[PDB]
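Colleague: Input: one structure, supplied below.
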Amino acid sequence: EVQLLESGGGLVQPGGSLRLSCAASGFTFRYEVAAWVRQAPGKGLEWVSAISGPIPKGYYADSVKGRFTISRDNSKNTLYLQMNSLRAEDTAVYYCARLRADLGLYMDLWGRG
Amino acid sequence: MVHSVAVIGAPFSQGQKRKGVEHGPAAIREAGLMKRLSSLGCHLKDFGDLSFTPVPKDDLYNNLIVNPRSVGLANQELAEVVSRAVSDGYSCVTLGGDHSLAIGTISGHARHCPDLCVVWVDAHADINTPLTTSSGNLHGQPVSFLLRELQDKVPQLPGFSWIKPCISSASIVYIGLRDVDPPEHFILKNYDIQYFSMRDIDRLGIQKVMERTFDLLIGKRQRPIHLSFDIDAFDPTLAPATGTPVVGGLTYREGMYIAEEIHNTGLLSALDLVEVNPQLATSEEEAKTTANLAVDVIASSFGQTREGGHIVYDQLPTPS
Amino acid sequence: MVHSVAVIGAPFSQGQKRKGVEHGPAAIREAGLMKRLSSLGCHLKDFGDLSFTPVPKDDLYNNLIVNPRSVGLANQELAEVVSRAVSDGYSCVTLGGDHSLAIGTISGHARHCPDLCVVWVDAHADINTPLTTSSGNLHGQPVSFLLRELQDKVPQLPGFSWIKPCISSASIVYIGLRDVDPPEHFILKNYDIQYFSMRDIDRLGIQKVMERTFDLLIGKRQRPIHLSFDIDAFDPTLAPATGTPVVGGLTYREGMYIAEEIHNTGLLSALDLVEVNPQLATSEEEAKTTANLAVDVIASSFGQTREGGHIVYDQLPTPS
Amino acid sequence: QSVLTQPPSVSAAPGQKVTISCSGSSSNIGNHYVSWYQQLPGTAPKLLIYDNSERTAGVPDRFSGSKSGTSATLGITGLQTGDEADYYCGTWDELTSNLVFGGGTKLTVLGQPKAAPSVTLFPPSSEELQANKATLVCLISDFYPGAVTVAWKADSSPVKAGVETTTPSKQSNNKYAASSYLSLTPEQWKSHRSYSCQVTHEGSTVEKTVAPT
Ligand SMILES: [Mn+2]
Ligand SMILES: [Mn+2]
Ligand SMILES: [Mn+2]
Ligand SMILES: [Mn+2]
């Protein structure tokens with residue numbers, strides 16, 4: 001009754017550009033805080049980007065700030081990550097997640113990757 | 001002259017479970033507020049929606065669980081905008097955002113209108129002190145900051161020393177109360193704050209409630225009115241896109257009646273509409289219903305009638 | 001001393017379409033009844049939920065379409081448990097289960113409290129005789145078994161000869177009536193049983209209804225009160241998880257008001273909450289709404305207020 | 001990543017119990033709520049636990065979260081084979097202004113006996129040294145569970161650069177395999193007495209060594 005599906009990933013050259021998507025269904029992403037997290041093969045999870053509030057505002061890890069741009073299209077109920085000046089070390093599976101707060105922060109819905 | 005209205009978005013919250021309330025301003029807008037106010041014939045001025053920026057640290061954490069200093073400082077910027085809107089001769093409408101914004105609007109309203117009175121329509125008294133409730137619950141304390149008799153019960157927090165208590169205990173009346181913490185009950189009884197719970201409303205009926213509210217506030221002299229209207233005052237079936245839904249609230253008609261009586265005085269100088277949180281809606285339809293109802297309160301507060309007759313009609317066309 | 005409450009599950013039905021009502025006790029529990037009663041400061045005693053076993057044959061058929069002897073014998077075990085709870089000095093709360101359980105609770109209540117009176121809140125009069133309605137509809141006859149003037153109209157069934165009629169026609173008052181079979185109407189008029197239909201409520205308002213109900217029952221002397229509250233008294237939009245939903249019922253606020261007036265007497269000795277059937281709900285949300293509303297009636301009947309103030313608050317904390 | 005410390009693997013039999021530690025600092029776990037994520041093979045992480053110990057809908061009481069000082073624990077009792085996932089802790093770090101994560105813990109529900117790895121270490125071929133290259137090959141076979149840590153030594157000194165280790169994978173006989181490659185110059189190879197491949201499996205190390213002849 002609620003899921004996230006990413007697309008746009010694949011093969012790109014060093015110094016290259018690439019734009020990922022993440023369509024929500026079963027909830028309105030617009031009123032939700034959304035995030036990108038990534039997994040270099042056989043390794044942990046790195047937080048990349050987050051988009052919150054009504055302006056909206058974008059937050060980034062220092063390992064991507066000034067190269068990556070997070071956005072959303074409220075009409076297509078879809079979340080985006082624009083990735084510029086890409087590096088070998090940017091190689092990873094990329095998840096979009098829903099970020100919520102109670103006492104602390106948590107990611108309660110993940111996409112396929 | 002025609003009646004002038006200023007509209008401000010104050011998308012203020014302390015994050016946590018209530019983060020979505022920062023989307024109330026835009027949701028009320030997208031339900032056609034400015035068009036409705038234009039059909040009434042109001043001269044309109046839009047300040048747009050204010051930025052809500054955590055100080056001293058604007059990071060993701062501090063945007064999702066907001067320190068109180070940020071709420072204090074945001075309310076200080078708000079107060080000045082409301083005082084500008086009023087000094088310019090506009091009745092000032094502020095769209096929430098959580099009820100903590102009343103700290104900004106009433107303070108700013110009180111600057112050029114120190115004799116103002118307050119009609120607080122809410123399921124809650126929103127009168128806890130920083131000592132009676134937690135640090136991320138400023139949405140449940142606004143009135144402790146503004147009330148004069150409570151100065152010695154209220155500690156000095158960073159970001160809130162700008163505030164000058166501007167309301168006396170005889171100058172606020174509460175309508176809709178049905179969810180009141182024990183210390184909030186103590187304060188009401190101890191400091192003689194007049195209030196009409198839902199039980200009072202069931203017993204007296206809303207007609208008599210408004211007659212008594214005005215007797216207490218404007219019984220002796222005419223005074224500027226501040227309407228602080230929490231959408232959660234309405235039954236959760238009518239306004240479900242809210243953060244503290246309490247069963248057994250105002251019907252649509254009781255809520256329009258309040259708004260019509262306030263209009264009929266000619267003394268409405270400021271209006272808050274707070275606690276519209278579209279992300280807590282289960283569906284678009286719950287989101288839009290809650291947002292349409294907020295628009296109806298504001299329109300009705302500025303002279304929308306149920307029987308028509310607001311705009312002047314002259315003669316009927318003849319056949320040919 | 002503080003006010004003591006005993007809680008009994010009586011998951012009694014005659015199966016057929018209403019089998020799910022045997023899950024009402026557990027559903028009311030899982031909506032946090034014992035916690036709410038504990039916050040009120042009540043001294044609590046839980047008898048748990050009683051077994052409902054068909055006699056003389058405990059097979060699948062006799063569990064899905066239950067013979068009346070089984071209902072008679074179950075009510076006899078119930079009566080003794082209620083009389084224990086009351087002799088021990090507890091106001092006795094029985095969770096249904098269908099309304100046939102009133103045969104057990106009122107009989108058991110009447111043993112040490114023979115002067116008791118009954119406030120029956122229901123869409124139905126539940127006063128058919130075994131001759132005016134069918135064999136699997138004991139849920140619509142409880143009052144014919146208990147009423148004194150009706151002895152000669154009521155045949156002796158196996159499992160029901162233990163019963164001693166314990167209510168006179170002036171000692172029961174009905175509130176909420178809107179679905180009354182012709183013979184039930186005859187009985188009311190013929191035996192002068194006082195009742196307030198939804199039309200009476202529309203005409204007089206619930207405030208006056210409660211004022212007149214007490215005039216009839218406790219106008220002359222103070223008497224122990226038995227509240228028999230059918231959830232189907234509430235409009236089907238408020239309580240949809242019920243077996244005979246009738247449109248045009250009590251609002252939430254009328255229902256809380258009844259419960260507040262009953263509390264304000266200080267004479268509530270026994271309370272039934274019946275006809276919560278979670279399997280007839282279309283969704284979890286309908287099930288939980290119906291179960292939350294039942295909890296609100298019981299809490300409100302034992303002193304939950306809408307304006308707060310139940311628990312005593314002493315002083316406010318000072319800054320430092 | 002890997003601001004937060006987890007063990008790389010844990011194991012117990014079906015029905016049995018296990019805990020997974022999550023170790024941080026004053027500026028993350030010390031002052032912020034920990035969340036636990038479950039990742040089944042080829043699937044998306046799932047939120048189990050948030051605000052230290054609040055289970056999400058459907059998650060049963062045998063999955064338990066706790067937090068004290070600057071550490072956090074995930075307790076799993078009643079182990080079913082469906083629990084076989086990688087598990088991650090996560091919280092906020094107020095030092096770097098990042099959502100942070102542990103390196104993950106591979107949980108194995110034991111379906112066969114504990115089997116320690118067979119290690120074969122090959123030195124650079126005569127041929128590859130002509131080409132001005134050097135590769136040492138550490139072949140790692142017949143281990144269960146399917147989690148190893150690999151550490152290379154130059155003499156006794158830790159070697160960091162020029163290491164490529166595969167993830168463990170399933171052999172036809174249901175045991176796990178992995179390989180590890182160290183890249184050197186021929187001057188490095190010829191200027192140390194020995195290089196060693198060290199494979200840790202369930203807290204016990206299998207070491208193989210070679211020397212330039
Ligand atoms: Mn409020
Ligand atoms: Mn409120
Ligand atoms: Mn009934
Ligand atoms: Mn009924």
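Each chain in the structure tokens gets a letter, A, B and so on, in the order shown; residues start at 1 in every chain, and ligands are counted from 1 in the order they appear.
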Hey, could you make a per-residue contact list for chain C against ligand 4 with 8 Å as the cut-off, showing the nearest pair of atoms and its distance in Å to one decimal, counting only C-alpha atoms and all ligand atoms, sorted by chain and number, as a Markdown table?
Modeller:
```
| residue | atom | partner | partner_atom_place_in_ligand_line | distance |
| --- | --- | --- | --- | --- |
| C:99 | CA | ligand 4 | 1 (Mn) | 7.6 |
| C:122 | CA | ligand 4 | 1 (Mn) | 4.7 |
| C:123 | CA | ligand 4 | 1 (Mn) | 4.8 |
| C:124 | CA | ligand 4 | 1 (Mn) | 4.6 |
| C:125 | CA | ligand 4 | 1 (Mn) | 7.6 |
| C:126 | CA | ligand 4 | 1 (Mn) | 7.4 |
| C:230 | CA | ligand 4 | 1 (Mn) | 5.3 |
| C:231 | CA | ligand 4 | 1 (Mn) | 7.1 |
| C:232 | CA | ligand 4 | 1 (Mn) | 4.8 |
| C:233 | CA | ligand 4 | 1 (Mn) | 6.1 |
| C:244 | CA | ligand 4 | 1 (Mn) | 6.4 |
| C:245 | CA | ligand 4 | 1 (Mn) | 7.9 |
| C:275 | CA | ligand 4 | 1 (Mn) | 7.2 |
```
Colleague: For residue 120 of chain D, find every residue with an atom within 8 Å (counting only C-alpha atoms), except residues of its own chain fewer than 2 positions away, and show them as a VMD selection string.
Modeller: chain D and resid 118 122 137 to 140 208
Colleague: Please check which protein, DNA or RNA residues sit within 12 Å of ligand 2, counting only C-alpha atoms and all ligand atoms, and write them as a ChimeraX atom specification.
Modeller: /B:97-100,120-127,139-142,174-180,228-236,239,242-247,249,273-277
Colleague: Go ahead and save the picked residues with C-alpha atoms, as a compact mmCIF listing (two decimals), in the first residue's frame.
Modeller:
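Saved as out_6.txt:
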```
# COMPACT_ATOMS: atom_id res chain seq x y z
CA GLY B 97 2.22 26.13 10.85
CA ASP B 98 1.77 25.02 14.51
CA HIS B 99 0.08 27.13 17.23
CA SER B 100 3.49 28.38 18.62
CA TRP B 120 -8.86 31.07 21.15
CA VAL B 121 -10.78 28.31 19.30
CA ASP B 122 -8.99 24.98 19.98
CA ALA B 123 -9.41 21.49 21.51
CA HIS B 124 -6.37 22.61 23.66
CA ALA B 125 -5.65 25.59 26.02
CA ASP B 126 -1.99 25.70 24.72
CA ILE B 127 -1.04 27.25 28.16
CA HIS B 139 3.09 24.35 20.19
CA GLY B 140 1.41 23.65 23.62
CA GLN B 141 2.83 26.71 25.49
CA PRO B 142 2.25 29.87 23.38
CA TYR B 174 -11.22 29.81 25.01
CA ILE B 175 -13.87 27.95 22.91
CA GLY B 176 -13.71 24.19 22.05
CA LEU B 177 -11.65 22.77 24.98
CA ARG B 178 -11.75 18.92 25.36
CA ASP B 179 -8.02 17.90 25.85
CA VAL B 180 -6.53 19.83 28.87
CA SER B 228 -6.51 32.31 17.07
CA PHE B 229 -8.29 29.35 15.35
CA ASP B 230 -6.76 25.82 15.66
CA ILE B 231 -8.23 23.54 12.89
CA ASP B 232 -8.17 20.71 15.58
CA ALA B 233 -11.10 22.60 17.27
CA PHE B 234 -13.31 20.89 14.58
CA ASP B 235 -14.21 17.20 15.02
CA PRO B 236 -11.49 14.93 13.48
CA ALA B 239 -10.55 18.25 9.89
CA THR B 242 -4.09 17.76 12.02
CA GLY B 243 -1.45 16.59 14.56
CA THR B 244 -3.54 16.16 17.79
CA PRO B 245 -7.01 14.95 16.62
CA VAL B 246 -9.56 14.78 19.55
CA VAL B 247 -13.04 13.14 18.96
CA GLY B 249 -15.25 18.68 18.29
CA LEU B 273 -5.43 29.56 11.20
CA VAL B 274 -3.10 26.82 12.58
CA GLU B 275 -2.32 23.08 12.74
CA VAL B 276 -3.21 22.05 9.14
CA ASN B 277 -0.76 19.11 8.57
```
Colleague: When distances are computed from only C-alpha atoms, which of A:78, A:52, A:21, A:3 shows the smallest separation from chain B?
Modeller: A:52
Colleague: Residues near segment 46-55 of chain D, anyone? I mean within 8 Å using only C-alpha atoms, not counting same-chain ones fewer than 6 positions away, as a ChimeraX atom specification.
Modeller: /A:102-110 /D:33-39,61,63-67,72
Colleague: Take the residues that were just selected and, keeping C-alpha atoms, output them as a short mmCIF file (atom, residue, chain, number, x, y, z; two decimals), in the first residue's frame.
Modeller:
```cif
data_model
loop_
_atom_site.label_atom_id
_atom_site.label_comp_id
_atom_site.auth_asym_id
_atom_site.auth_seq_id
_atom_site.Cartn_x
_atom_site.Cartn_y
_atom_site.Cartn_z
CA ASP A 102 9.92 11.12 16.42
CA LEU A 103 12.46 11.30 19.34
CA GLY A 104 15.22 10.83 16.67
CA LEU A 105 15.62 10.26 12.87
CA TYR A 106 14.77 7.02 10.92
CA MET A 107 14.22 5.78 7.31
CA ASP A 108 10.92 3.75 7.38
CA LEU A 109 10.58 3.01 3.60
CA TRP A 110 13.32 2.01 1.07
CA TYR D 33 18.66 7.57 18.73
CA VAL D 34 19.82 4.35 16.93
CA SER D 35 17.79 2.58 14.14
CA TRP D 36 18.27 -1.06 12.96
CA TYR D 37 17.87 -2.09 9.26
CA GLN D 38 17.53 -5.68 7.89
CA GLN D 39 18.72 -6.47 4.32
CA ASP D 61 9.17 -8.95 20.29
CA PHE D 63 13.66 -8.54 17.68
CA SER D 64 14.72 -6.21 20.54
CA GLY D 65 16.73 -2.90 20.55
CA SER D 66 18.69 -1.34 23.48
CA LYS D 67 21.15 1.56 24.06
CA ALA D 72 23.57 -0.09 21.07
#
```
Colleague: Distance cut-off 12 Å, counting only C-alpha atoms - which residues of chain D neighbour chain B? Return them as a list in words.
Modeller: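 So the residues of chain D near chain B are residues 28, 31, 32, 33, 51, 91, 92, 93, 94, 95, 96, 97, 98, 99 and 100 of chain D.
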Colleague: How would the residues just picked look written out with N, CA, C and O atoms as a short mmCIF file (atom, residue, chain, number, x, y, z; two decimals), in the first residue's frame?
Modeller:
```cif
data_model
loop_
_atom_site.label_atom_id
_atom_site.label_comp_id
_atom_site.auth_asym_id
_atom_site.auth_seq_id
_atom_site.Cartn_x
_atom_site.Cartn_y
_atom_site.Cartn_z
N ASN D 28 27.47 10.90 18.18
CA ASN D 28 26.42 10.11 17.47
C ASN D 28 25.61 9.33 18.52
O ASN D 28 24.75 9.96 19.18
N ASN D 31 24.42 10.81 21.90
CA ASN D 31 23.44 11.93 22.01
C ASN D 31 22.27 11.79 21.04
O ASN D 31 21.46 12.72 20.97
N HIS D 32 22.18 10.66 20.32
CA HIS D 32 21.20 10.44 19.23
C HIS D 32 20.69 9.00 19.24
O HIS D 32 21.46 8.09 19.63
N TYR D 33 19.45 8.83 18.79
CA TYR D 33 18.66 7.57 18.73
C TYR D 33 19.17 6.69 17.58
O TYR D 33 19.44 7.21 16.48
N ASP D 51 14.15 4.91 17.29
CA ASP D 51 14.22 5.51 18.65
C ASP D 51 14.72 4.44 19.64
O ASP D 51 14.09 4.29 20.69
N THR D 91 22.24 6.29 12.89
CA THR D 91 21.86 7.42 13.76
C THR D 91 22.36 8.73 13.12
O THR D 91 22.82 8.71 11.96
N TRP D 92 22.28 9.84 13.86
CA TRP D 92 22.85 11.14 13.42
C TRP D 92 24.22 11.34 14.08
O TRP D 92 24.36 10.93 15.26
N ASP D 93 25.19 11.92 13.36
CA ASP D 93 26.49 12.36 13.92
C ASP D 93 26.52 13.89 13.95
O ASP D 93 26.51 14.49 12.87
N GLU D 94 26.53 14.51 15.14
CA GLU D 94 26.53 15.99 15.23
C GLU D 94 27.97 16.53 15.11
O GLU D 94 28.13 17.73 15.31
N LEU D 95 28.96 15.70 14.76
CA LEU D 95 30.35 16.14 14.47
C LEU D 95 30.50 16.44 12.97
O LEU D 95 31.12 17.47 12.65
N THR D 96 29.99 15.56 12.11
CA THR D 96 30.08 15.65 10.63
C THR D 96 28.75 16.12 10.00
O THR D 96 28.74 16.32 8.77
N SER D 97 27.68 16.23 10.78
CA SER D 97 26.34 16.63 10.27
C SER D 97 25.89 15.62 9.21
O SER D 97 25.48 16.03 8.11
N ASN D 98 26.04 14.33 9.51
CA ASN D 98 25.67 13.22 8.59
C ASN D 98 24.74 12.25 9.33
O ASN D 98 24.93 12.03 10.55
N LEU D 99 23.77 11.70 8.62
CA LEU D 99 23.20 10.37 8.96
C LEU D 99 24.35 9.38 8.78
O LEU D 99 25.02 9.44 7.72
N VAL D 100 24.63 8.56 9.79
CA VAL D 100 25.75 7.58 9.75
C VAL D 100 25.21 6.18 10.00
O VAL D 100 24.13 6.05 10.60
#
```
Colleague: Apply DSSP to the backbone of this structure and, from segment 92-250 of chain C, keep only the residues in helix (DSSP H, G or I); write these as a ChimeraX atom specification.
Modeller: /C:99-112,138-140,142-146,151-153,182-190,198-204,206-218,231-233
Colleague: Looking at D:166, D:180, D:171, D:23, which one is nearest to chain A, with distances taken over only C-alpha atoms?
Modeller: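 When distances to chain A are compared using only C-alpha atoms, the smallest one comes from D:166.
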Colleague: With distances taken over only C-alpha atoms, which residue among D:186, D:90, D:75, D:30 lies nearest chain A?
Modeller: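 For chain A, the nearest of the given residues is D:90.
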Colleague: Go through chain C and flag each residue having an atom no more than 6 Å from chain B; for those, report the closest pair of atoms plus their distance in Å to one decimal, using only C-alpha atoms, ordered by chain and rising number, as JSON lines.
Modeller:
```
{"residue": "C:252", "atom": "CA", "partner": "B:248", "partner_atom": "CA", "distance": 5.7}
{"residue": "C:253", "atom": "CA", "partner": "B:248", "partner_atom": "CA", "distance": 5.7}
{"residue": "C:306", "atom": "CA", "partner": "B:178", "partner_atom": "CA", "distance": 4.4}
{"residue": "C:307", "atom": "CA", "partner": "B:178", "partner_atom": "CA", "distance": 5.3}
{"residue": "C:308", "atom": "CA", "partner": "B:180", "partner_atom": "CA", "distance": 5.3}
{"residue": "C:309", "atom": "CA", "partner": "B:185", "partner_atom": "CA", "distance": 5.7}
{"residue": "C:318", "atom": "CA", "partner": "B:153", "partner_atom": "CA", "distance": 5.2}
{"residue": "C:319", "atom": "CA", "partner": "B:155", "partner_atom": "CA", "distance": 4.8}
```
Colleague: Show me, as JSON, numbers by chain, the residues that have an atom within 8 Å of residue 74 of chain B when counting only C-alpha atoms, minus same-chain residues fewer than 4 positions from it.
Modeller: {"B": [12, 52, 53, 70, 78]}
Colleague: Would you write out those residues with C-alpha atoms, as a compact mmCIF listing (two decimals), in the first residue's frame?
Modeller:
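Writing the result to selection-v1.txt gives the following:
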```txt
# COMPACT_ATOMS: atom_id res chain seq x y z
CA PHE B 12 6.76 26.92 11.77
CA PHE B 52 11.98 28.87 8.83
CA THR B 53 15.75 28.48 9.44
CA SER B 70 14.86 28.67 16.27
CA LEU B 78 6.87 37.08 12.44
```
Colleague: Specify as an mmCIF file with N, CA, C and O atoms, in the first residue's frame all residues of chain B found within 10 Å of chain A, counting only C-alpha atoms.
Modeller:
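Okay, this is what ended up in part35.cif:
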```cif
data_model
loop_
_atom_site.group_PDB
_atom_site.id
_atom_site.type_symbol
_atom_site.label_atom_id
_atom_site.label_comp_id
_atom_site.auth_asym_id
_atom_site.auth_seq_id
_atom_site.Cartn_x
_atom_site.Cartn_y
_atom_site.Cartn_z
ATOM 1 N N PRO B 11 5.286 28.871 8.237
ATOM 2 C CA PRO B 11 5.360 27.414 8.211
ATOM 3 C C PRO B 11 6.343 26.947 9.287
ATOM 4 O O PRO B 11 7.414 26.486 8.952
ATOM 5 N N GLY B 15 9.459 20.052 14.167
ATOM 6 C CA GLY B 15 9.743 18.780 13.489
ATOM 7 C C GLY B 15 9.115 17.619 14.233
ATOM 8 O O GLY B 15 7.969 17.783 14.693
ATOM 9 N N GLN B 16 9.850 16.509 14.356
ATOM 10 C CA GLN B 16 9.383 15.256 14.999
ATOM 11 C C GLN B 16 8.199 14.717 14.181
ATOM 12 O O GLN B 16 8.328 14.670 12.931
ATOM 13 N N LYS B 17 7.088 14.361 14.826
ATOM 14 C CA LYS B 17 5.905 13.767 14.144
ATOM 15 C C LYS B 17 5.108 14.848 13.412
ATOM 16 O O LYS B 17 4.357 14.488 12.502
ATOM 17 N N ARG B 18 5.293 16.119 13.776
ATOM 18 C CA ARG B 18 4.477 17.263 13.289
ATOM 19 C C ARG B 18 5.181 18.047 12.176
ATOM 20 O O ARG B 18 4.706 19.156 11.900
ATOM 21 N N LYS B 19 6.243 17.506 11.557
ATOM 22 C CA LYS B 19 7.048 18.213 10.520
ATOM 23 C C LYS B 19 6.143 18.657 9.355
ATOM 24 O O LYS B 19 6.305 19.789 8.871
ATOM 25 N N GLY B 20 5.195 17.819 8.942
ATOM 26 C CA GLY B 20 4.306 18.103 7.795
ATOM 27 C C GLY B 20 3.489 19.385 7.930
ATOM 28 O O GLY B 20 3.027 19.864 6.885
ATOM 29 N N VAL B 21 3.283 19.909 9.152
ATOM 30 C CA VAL B 21 2.475 21.146 9.419
ATOM 31 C C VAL B 21 3.115 22.348 8.711
ATOM 32 O O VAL B 21 2.379 23.311 8.390
ATOM 33 N N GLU B 22 4.409 22.279 8.399
ATOM 34 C CA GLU B 22 5.125 23.349 7.647
ATOM 35 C C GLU B 22 4.573 23.432 6.216
ATOM 36 O O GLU B 22 4.994 24.319 5.498
ATOM 37 N N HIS B 23 3.693 22.516 5.802
ATOM 38 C CA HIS B 23 3.088 22.488 4.444
ATOM 39 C C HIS B 23 1.661 23.024 4.468
ATOM 40 O O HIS B 23 1.041 23.052 3.399
ATOM 41 N N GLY B 24 1.158 23.405 5.643
ATOM 42 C CA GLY B 24 -0.199 23.947 5.809
ATOM 43 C C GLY B 24 -0.374 25.222 4.997
ATOM 44 O O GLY B 24 -1.340 25.374 4.257
ATOM 45 N N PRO B 25 0.534 26.209 5.128
ATOM 46 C CA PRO B 25 0.402 27.443 4.357
ATOM 47 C C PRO B 25 0.100 27.142 2.881
ATOM 48 O O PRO B 25 -0.935 27.558 2.394
ATOM 49 N N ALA B 26 0.975 26.393 2.215
ATOM 50 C CA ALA B 26 0.875 26.105 0.764
ATOM 51 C C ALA B 26 -0.443 25.365 0.481
ATOM 52 O O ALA B 26 -1.155 25.803 -0.424
ATOM 53 N N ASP B 49 5.177 33.281 2.053
ATOM 54 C CA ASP B 49 5.472 32.325 3.152
ATOM 55 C C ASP B 49 6.901 32.589 3.635
ATOM 56 O O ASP B 49 7.807 32.607 2.796
ATOM 57 N N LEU B 50 7.080 32.824 4.937
ATOM 58 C CA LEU B 50 8.387 33.156 5.561
ATOM 59 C C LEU B 50 9.292 31.920 5.608
ATOM 60 O O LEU B 50 8.764 30.781 5.744
ATOM 61 N N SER B 51 10.609 32.129 5.506
ATOM 62 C CA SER B 51 11.625 31.071 5.736
ATOM 63 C C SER B 51 11.634 30.707 7.221
ATOM 64 O O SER B 51 11.370 31.566 8.101
ATOM 65 N N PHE B 52 11.855 29.427 7.475
ATOM 66 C CA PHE B 52 11.983 28.865 8.832
ATOM 67 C C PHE B 52 13.355 28.207 8.863
ATOM 68 O O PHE B 52 13.509 27.132 8.255
ATOM 69 N N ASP B 58 22.028 25.060 10.845
ATOM 70 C CA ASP B 58 21.038 24.770 9.775
ATOM 71 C C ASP B 58 21.445 23.468 9.083
ATOM 72 O O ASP B 58 21.853 23.540 7.904
ATOM 73 N N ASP B 59 21.348 22.333 9.790
ATOM 74 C CA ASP B 59 21.710 20.983 9.274
ATOM 75 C C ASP B 59 20.423 20.153 9.189
ATOM 76 O O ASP B 59 19.366 20.652 9.633
ATOM 77 N N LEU B 60 20.478 18.955 8.605
ATOM 78 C CA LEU B 60 19.270 18.090 8.477
ATOM 79 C C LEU B 60 18.686 17.814 9.868
ATOM 80 O O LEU B 60 17.471 18.027 10.029
ATOM 81 N N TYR B 61 19.496 17.395 10.851
ATOM 82 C CA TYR B 61 18.979 17.020 12.198
ATOM 83 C C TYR B 61 18.160 18.175 12.773
ATOM 84 O O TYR B 61 17.027 17.939 13.204
ATOM 85 N N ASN B 63 16.712 20.526 11.409
ATOM 86 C CA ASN B 63 15.535 20.852 10.554
ATOM 87 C C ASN B 63 14.413 19.835 10.801
ATOM 88 O O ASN B 63 13.260 20.188 10.537
ATOM 89 N N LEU B 64 14.741 18.640 11.299
ATOM 90 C CA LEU B 64 13.785 17.529 11.548
ATOM 91 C C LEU B 64 13.386 17.459 13.026
ATOM 92 O O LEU B 64 12.251 16.987 13.301
ATOM 93 N N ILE B 65 14.276 17.873 13.933
ATOM 94 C CA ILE B 65 13.976 18.060 15.387
ATOM 95 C C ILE B 65 14.531 19.438 15.776
ATOM 96 O O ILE B 65 15.738 19.546 15.993
ATOM 97 N N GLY B 136 10.272 20.115 23.040
ATOM 98 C CA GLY B 136 9.761 20.031 21.658
ATOM 99 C C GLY B 136 8.251 20.185 21.592
ATOM 100 O O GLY B 136 7.656 19.779 20.554
ATOM 101 N N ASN B 277 -1.922 19.999 8.852
ATOM 102 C CA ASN B 277 -0.764 19.111 8.569
ATOM 103 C C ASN B 277 -1.182 18.114 7.499
ATOM 104 O O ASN B 277 -1.717 17.057 7.825
ATOM 105 N N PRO B 278 -0.974 18.420 6.200
ATOM 106 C CA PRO B 278 -1.434 17.537 5.127
ATOM 107 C C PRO B 278 -0.748 16.159 5.054
ATOM 108 O O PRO B 278 -1.323 15.286 4.475
ATOM 109 N N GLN B 279 0.441 15.979 5.641
ATOM 110 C CA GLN B 279 1.171 14.688 5.557
ATOM 111 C C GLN B 279 0.507 13.648 6.476
ATOM 112 O O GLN B 279 0.665 12.465 6.187
ATOM 113 N N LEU B 280 -0.267 14.052 7.487
ATOM 114 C CA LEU B 280 -0.940 13.113 8.429
ATOM 115 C C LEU B 280 -2.283 12.636 7.854
ATOM 116 O O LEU B 280 -2.826 11.649 8.393
ATOM 117 N N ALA B 281 -2.776 13.276 6.789
ATOM 118 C CA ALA B 281 -3.908 12.805 5.954
ATOM 119 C C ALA B 281 -3.593 11.421 5.363
ATOM 120 O O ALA B 281 -2.440 11.230 4.923
ATOM 121 N N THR B 282 -4.584 10.509 5.334
ATOM 122 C CA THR B 282 -4.476 9.123 4.782
ATOM 123 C C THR B 282 -4.641 9.106 3.262
ATOM 124 O O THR B 282 -4.407 8.031 2.657
ATOM 125 N N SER B 283 -5.094 10.228 2.696
ATOM 126 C CA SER B 283 -5.544 10.371 1.290
ATOM 127 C C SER B 283 -5.493 11.853 0.892
ATOM 128 O O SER B 283 -5.495 12.713 1.798
ATOM 129 N N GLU B 284 -5.412 12.140 -0.408
ATOM 130 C CA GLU B 284 -5.550 13.517 -0.955
ATOM 131 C C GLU B 284 -6.832 14.143 -0.397
ATOM 132 O O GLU B 284 -6.765 15.294 0.023
#
```
Colleague: Out of B:8, B:227, B:1, B:28, which residue has the shortest atom-to-atom distance to ligand 1 when counting only C-alpha atoms and all ligand atoms?
Modeller: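 Of all the options, B:227 lies closest to ligand 1.
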Colleague: Work out how far apart atom CA of residue 203 of chain D and atom CA of residue 69 of chain D are and give it in Å to one decimal.
Modeller: 26.3 Å
Colleague: What's the separation between atom CA of residue 147 of chain B and atom CA of residue 172 of chain B, in Å to one decimal place?
Modeller: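 Between these atoms lies a distance of 9.0 Å.
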Colleague: Near segment 129-132 of chain D, within 12 Å and counting only C-alpha atoms, which residues show up once chain neighbours fewer than 6 positions away are dropped, as JSON, numbers by chain?
Modeller: {"D": [123, 183, 184, 185, 186, 187, 188, 189, 190, 212]}
